[PDB]
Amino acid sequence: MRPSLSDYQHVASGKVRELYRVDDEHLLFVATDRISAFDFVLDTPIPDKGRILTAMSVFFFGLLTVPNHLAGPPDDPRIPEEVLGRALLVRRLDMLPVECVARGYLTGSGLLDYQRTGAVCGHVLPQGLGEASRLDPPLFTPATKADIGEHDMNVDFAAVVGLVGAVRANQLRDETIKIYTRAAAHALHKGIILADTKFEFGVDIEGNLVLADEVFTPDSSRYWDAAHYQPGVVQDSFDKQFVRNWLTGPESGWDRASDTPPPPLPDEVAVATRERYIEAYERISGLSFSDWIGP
């Protein structure tokens, strides 16, 4: 039989993911159905979101040739029934304290840093760029985790060197850009722009660099519809724009500038959002989500 989740020890939680100890060398990486918008975890879950994002991550791990932390199949008997399809058995690594970000387009904190200083994470950029400008080549824009409530802090390459070593910093930069370039080209061929992405890496017993966490989900990466890409304006979030529009619309009764917790979402908005996740997955993977495992 499959074990109960209660048989494993909880070791870490983020906004929408959970981590459990399985044994001395393995963890259970669990995606939930929670969704974040405007830095709030919302009251309303998105049905099947954890399963869809897990399916997405597994697809991209298989597409990339680099070592990763997966330690068994999606139906591995160590995975509890309750989280089947939204949990992965992974190898325990010594995690490197760097959020490895690649940006193919200028938006978010990258754009803000540019508009304030003309540079992003130590990269002095051409004049005349703006919202959703294409960056060629993609930029390595590393960050570090801050306090529980604060956003990650953008740092330059020298900071990464100070965190992990000179040779390892070069390796993180090179692998981050290589992996992003491959995945972004694949997605764009299928009609989706991966505008940026955030990786975490760890090191195994042999000193080898291993890709961990989740990769190229719409939570770790900005997904845009390529058919509507228009430099100079803010691009719609492929997955989250219905949620963002409703929350900031006339029907929510919520003022975002108040920074009070937002209200629950309409059922219709949650279902529409689920559909967007499935569309993105099926377009990128060429697979049917109806074939993905579940309880």
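Residue numbers run from 1 along the displayed sequence.
- Between 147-155 and 195-203, it is 147-155 that carries the larger average Cα temperature factor according to the deposited entry.
- Comparing the deposited coordinates for 131-139 and 206-214, the stretch with the larger average C-alpha B-factor is 206-214.
- For the set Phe61, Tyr229, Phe238, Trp254, the PDB entry assigns the largest Cα B-factor to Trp254.
- Considering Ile52, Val234, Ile46, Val41 together, the PDB entry gives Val41 the largest C-alpha B factor.
- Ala37: CA B factor lies in the highest third for its chain, per the PDB record.
- Per the deposited record, the Cα B-factor of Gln115 falls in the middle third when ranked against the other modelled residues of its chain.
- When the modelled residues of the chain are ordered by C-alpha B-factor, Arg244 sits in the highest third.
- Sort the modelled residues of the chain by CA B factor and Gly108 lands in the lowest third.
- Among all modelled residues in this chain, the alpha-carbon of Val66 has a temperature factor (C-alpha) in the highest third.
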